[PDB]
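K.L.:
First, the structure itself, so that you have it in front of you.
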Amino acid sequence: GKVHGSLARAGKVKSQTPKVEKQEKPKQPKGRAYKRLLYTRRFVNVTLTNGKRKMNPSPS
Amino acid sequence: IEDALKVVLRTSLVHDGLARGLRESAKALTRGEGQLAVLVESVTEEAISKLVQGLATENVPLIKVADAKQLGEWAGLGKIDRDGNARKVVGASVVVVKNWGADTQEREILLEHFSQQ
Amino acid sequence: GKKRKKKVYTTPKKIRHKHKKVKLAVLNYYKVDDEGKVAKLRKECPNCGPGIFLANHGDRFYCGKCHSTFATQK
Amino acid sequence: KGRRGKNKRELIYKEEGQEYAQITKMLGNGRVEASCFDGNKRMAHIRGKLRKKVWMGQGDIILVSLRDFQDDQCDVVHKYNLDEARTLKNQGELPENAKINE
RNA sequence: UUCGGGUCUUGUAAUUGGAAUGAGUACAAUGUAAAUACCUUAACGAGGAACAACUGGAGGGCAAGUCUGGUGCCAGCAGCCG
Ligand SMILES: [Mg+2]
Ligand SMILES: [Mg+2]
Ligand SMILES: [Mg+2]
Ligand SMILES: [Mg+2]
Ligand SMILES: [Mg+2]
Ligand SMILES: [Mg+2]
Ligand SMILES: [Zn+2]
Numbered sequence: 002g003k004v005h006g007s008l009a010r011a012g013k014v015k016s017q018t019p020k021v022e023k024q025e026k027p028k029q030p031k032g033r034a035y036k037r038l039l040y041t042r043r044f045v046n047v048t049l050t051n052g053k054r055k056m057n058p059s060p061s
Numbered sequence: 017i018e019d020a021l022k023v024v025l026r027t028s029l030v031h032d033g034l035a036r037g038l039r040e041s042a043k044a045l046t047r048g049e050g051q052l053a054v055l056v057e058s059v060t061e062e063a064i065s066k067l068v069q070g071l072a073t074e076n077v078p079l080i081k082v083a084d085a086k087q088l089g090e091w092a093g094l095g096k097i098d099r100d101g102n103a104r105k106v107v108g109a110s111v112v113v114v115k116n117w118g119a120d121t122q123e124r125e126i127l128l129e130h131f132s133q134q
Numbered sequence: 077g078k079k080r081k082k083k084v085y086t087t088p089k090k091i092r093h094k095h096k097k098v099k100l101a102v103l104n105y106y107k108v109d110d111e112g113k114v115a116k117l118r119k120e121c122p123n124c125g126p127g128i129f130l131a132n133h134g135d136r137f138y139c140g141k142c143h144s145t146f147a148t149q150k
Numbered sequence: 011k012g013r014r015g016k017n023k024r025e026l027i028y029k030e031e032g033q034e035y036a037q038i039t040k041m042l043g044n045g046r047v048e049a050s051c052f053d054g055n056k057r058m059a060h061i062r063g064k065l066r067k068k069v070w071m072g073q074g075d076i077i078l079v080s081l082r083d084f085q086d087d088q089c090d091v092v093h094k095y096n097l098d099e100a101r102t103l104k105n106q107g108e109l110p111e112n113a114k115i116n117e
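Chains as they are written, first to last, in PDB author numbering: chain e, 2 to 61; chain M, 17 to 74, 76 to 134; chain f, 77 to 150; chain i, 11 to 17, 23 to 117.
Written as structure tokens, this is what we have:
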């Protein structure tokens, strides 16, 4: 109707959200190895050349 | 053996005259339409085969090939789709040629042997 | 510019008139005379042609190849 | 000024923590006070989506949702415009000690 | 003549190997008043090297999403603008 239930349930969206499980996500190399990964990501494997970096773009 | 039964089935399929199943076979053989009639030995209770034998004598010639499963498998029942036999199960258990289609090689020879000796 | 009420029905149900899966109607149709002649059963259609069996209901034998043509008393 | 605006419904029944109430007087700052049909005078706040979109006045049966932690206050949700109020009186979900007609 | 040798390099792969080693154990010894611990060192101690890095944040300020789904001026977020 006007409202599905009692408004101000004090935690409504948390109570009702579809709780999606976490993923597996193989281990990221953390430390200087993270600098490995990231430096290779940006400055030697140059990915987007036109205009700006646009790094982490929306897939569409 | 039986390499022309496939061929004549395909030729009649070209002209769409296969009395598939049994009811079409009966209605056609009571008429002067069915040319070749195949009933298989692998029929349960043998009443249908017995009736086919009684009727076809009366469109007289028949061929008594057994194992209708493979018959309807390659008699033109279903669809090949990919390379071969793309279906769960299929069969006819009785077939009748009403229209010849093609000719050449083995049309009336083994029918003369089987039905007219 | 309008919200529609649900179509509530005061009607129990009407289902598809299912066709009857008849098991071997031809044995019902024919009659074998001991490995030889074979007779047919209950009529043959003159309006449609030989081989088309007719319908048994009562005081009338009925067509169904050309259904409306033949329904006559016998 | 309807060009600036966003531009036959049915009633809605109370559901497990909300009640029909009759406004007794309209208070300032956008608040209001209503008798709930329990023998109680509660303080209702005019909720959003409601403030200056649809109005309300004294002597109007109107739906209000309670807040589970502080019963003494509540927030009004859904209004009833004088004809399904009679229907509300008819269906008997709320006591008929309060008739409102002009 | 389109090629295409990747001919020279860089990256990306739940493909695939053998190297190297400490956190931990622990012979001992040293270390100490006595000792722990460190500094050495036998033997042990890496495969997903589960021997797993969190904490905040991705509108601006301010580096980073106009991706997905959920809620729908409610819940909430937001130091300020919102
Ligand atoms: Mg407009
Ligand atoms: Mg309010
Ligand atoms: Mg670790
Ligand atoms: Mg956050
Ligand atoms: Mg995070
Ligand atoms: Mg930024
Ligand atoms: Zn007829």
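Just so you know, even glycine gets a beta-carbon here, dropped at the ideal spot from N, CA and C.
Which residues, in chain order, sit with a beta-carbon under 7 angstroms away from any heavy atom of ligand 1?
P.N.:
i:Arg13 and i:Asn17
K.L.:
Compute the Euclidean distance between the alpha carbons of M:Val54 and f:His133, then round it to the nearest angstrom.
P.N.:
Taking the first residue of the second sequence as position 1, residue 54 of chain M is located at position 38. Taking the first residue of the third sequence as position 1, residue 133 of chain f is located at position 57. One C-alpha to the other measures close to 34 angstroms.
K.L.:
List, in order along the chain, the chain M residues whose C-beta lies closer than 7 angstroms to that of f:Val84?
P.N.:
Position 8 of the third sequence, counted from the first residue, corresponds to residue 84 of chain f. Listed by position along chain M, the residues whose Cβ is nearer than 7 angstroms to that of f:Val84 form an empty set, because the closest Cβ is around 43 angstroms away.
K.L.:
With a threshold of 8 angstroms between beta-carbons, can e:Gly2 be considered close to chain i, or not?
P.N.:
Position 1 of the first sequence, counted from the start, is the residue given in the question as residue 2 of chain e. Chain i places a beta carbon closer than 8 angstroms to that of e:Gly2, counting this residue as a contact.
K.L.:
Opposite i:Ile77 in the DSSP bridges: which residues?
P.N.:
Counted from its first residue, the fourth sequence places residue 77 of chain i at position 62. In the DSSP output, where bridge partners are listed per residue, i:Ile77 has i:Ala36 and i:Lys94.
K.L.:
Quick one: Cα of i:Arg24 to Cα of f:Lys83, how far?
P.N.:
Here residue 24 of chain i refers to the residue found at position 9 of the fourth sequence. Here residue 83 of chain f refers to the residue found at position 7 of the third sequence. Cα to Cα, i:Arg24 sits roughly 16 angstroms from f:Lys83.
K.L.:
Is it a yes or a no for the region 108-126 of chain M touching the region 101-112 of chain f, going by three-plus beta-carbon pairs under 8 angstroms?
P.N.:
Here the region 108-126 of chain M does not lie against the region 101-112 of chain f, with fewer than 3 beta-carbon pairs under 8 angstroms apart.
K.L.:
Closer than 9 angstroms between beta carbons: that is the criterion. Which residues of the region 3-37 of chain e meet it against chain i?
P.N.:
Listed in sequence order: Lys3, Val4, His5, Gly6, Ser7, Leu8, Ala9, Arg10 and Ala11.
K.L.:
Apart from the five residues just before and just after i:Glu108, which ones in its own chain have a Cβ nearer than 8 angstroms to its Cβ?
P.N.:
Counting from one through the fourth sequence, the residue named residue 108 of chain i turns up at place 93. Here the set comprises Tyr28, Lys29 and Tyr35.
K.L.:
Return the residue from the list i:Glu117, i:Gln85, i:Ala49 and i:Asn55 that minimises the CA-CA distance to i:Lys94.
P.N.:
As a position in the fourth sequence, residue 94 of chain i is number 79, starting the count at 1. i:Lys94 has its Cα closest to that of i:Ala49, out of i:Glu117, i:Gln85, i:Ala49 and i:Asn55.
K.L.:
State yes or no: is the beta carbon of f:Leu130 nearer than 8 angstroms to at least one beta carbon in chain M?
P.N.:
For the purposes of this step, residue 130 of chain f is taken as the residue at position 54 of the third sequence. No, f:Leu130 lies away from the interface with chain M (no Cβ there is under 8 angstroms from its Cβ).
K.L.:
Since f:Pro126 meets chain M, which of its residues come closer than 7 angstroms, beta carbon to beta carbon?
P.N.:
Numbered from 1 along the third sequence, position 50 holds the residue referred to as residue 126 of chain f. Within chain M, the residues near f:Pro126 are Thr46 and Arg47.
K.L.:
Give a yes or no on whether the minimum CB-CB distance between i:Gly45 and chain e is below 8 angstroms.
P.N.:
Indexing the fourth sequence from 1 puts residue 45 of chain i at position 30. Answer no: the Cβ-Cβ gap between i:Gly45 and chain e never drops below 8 angstroms.
K.L.:
Does f:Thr87 come out as helix, strand or coil in the three-state DSSP assignment?
P.N.:
Position 11 of the third sequence, counted from the start, is the residue given in the question as residue 87 of chain f. Here f:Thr87 sits in coil by DSSP.
K.L.:
Per DSSP, what are the beta-bridge partners of i:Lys56 in this structure?
P.N.:
Start at 1 with the first residue of the fourth sequence, and residue 56 of chain i comes out as number 41. Its beta-bridge partners are i:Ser50.
K.L.:
Ends of the alpha helix (DSSP H) at f:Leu103?
P.N.:
Here residue 103 of chain f is taken as the residue at index 27 of the third sequence, counted from 1. Segment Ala101 to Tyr105, the alpha helix (DSSP H) holding f:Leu103.
K.L.:
f:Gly112 versus chain M: which residues are under 9 angstroms apart at the beta carbon?
P.N.:
Along the third sequence, one-based indexing puts residue 112 of chain f at 36. Residues of chain M with a Cβ closer than 9 angstroms to the Cβ of f:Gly112 are, in chain order, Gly70 and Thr73.
K.L.:
Quick one, which of i:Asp90, i:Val91, i:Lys114 and i:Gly72 has its alpha-carbon nearest i:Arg101's?
P.N.:
In the fourth sequence, residue 101 of chain i corresponds to position 86, counting from 1. Measuring from the Cα of i:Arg101, the nearest candidate turns out to be i:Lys114.
K.L.:
Does ligand 7 have even one heavy atom less than 7 angstroms from the beta-carbon of residue 76 of chain f?
P.N.:
The requested residue 76 of chain f does not occur in the structure, where chain f is confined to residues 77 to 150.
K.L.:
Take e:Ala9 as the anchor and find which of i:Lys104, i:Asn105 and i:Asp90 has the nearest alpha-carbon.
P.N.:
Here residue 9 of chain e corresponds to residue number 8 of the first sequence, with the count starting at 1. Comparing Cα-Cα distances from e:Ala9 to each of i:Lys104, i:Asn105 and i:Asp90, the minimum goes to i:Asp90.
K.L.:
From the DSSP output, in three-state form, read off M:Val77 for me.
P.N.:
The residue labelled residue 77 of chain M in the question sits at position 60 within the second sequence. Correct three-state label for M:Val77: coil.
K.L.:
What are the boundary residues of the alpha helix (DSSP H) that includes e:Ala34?
P.N.:
In the first sequence, residue 34 of chain e corresponds to position 33, counting from 1. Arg33 to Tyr40 is the span of the alpha helix (DSSP H), which, as asked, contains e:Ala34.
K.L.:
With a Cβ-Cβ cutoff of 8 angstroms, do M:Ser28 and M:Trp91 count as a contact?
P.N.:
Here residue 28 of chain M refers to the residue found at position 12 when the second sequence is read from its first residue. Here residue 91 of chain M refers to the residue found at position 74 when the second sequence is read from its first residue. The answer is no: Cβ separation not under 8 angstroms.
K.L.:
Does any residue of chain f bring its CB to less than 8 angstroms from the CB of M:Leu34?
P.N.:
Position 18 of the second sequence, counting from 1, holds the residue named residue 34 of chain M. Closer than 8 angstroms: no.
K.L.:
Could you say if the region 37-49 of chain M and the region 123-130 of chain M meet the contact criterion of at least three C-beta pairs nearer than 8 angstroms?
P.N.:
no
K.L.:
For i:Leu109, which three-state DSSP category applies?
P.N.:
As a first step, residue 109 of chain i is located in the fourth sequence; it is residue number 94 there, counting from the start. i:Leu109: coil per DSSP, three-state reduction.
K.L.:
For M:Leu25, does the three-state DSSP call read helix, strand or coil?
P.N.:
Translated into the one-based positions of the second sequence, residue 25 of chain M becomes position 9. Helix.
K.L.:
What number of angstroms, rounded off, separates the C-alpha of M:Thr73 from the C-alpha of M:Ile17?
P.N.:
Looking up residue 73 of chain M in the second sequence gives position 57. Looking up residue 17 of chain M in the second sequence gives position 1. Rounded to whole angstroms, M:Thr73 to M:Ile17 spans 25 angstroms at the Cα level.
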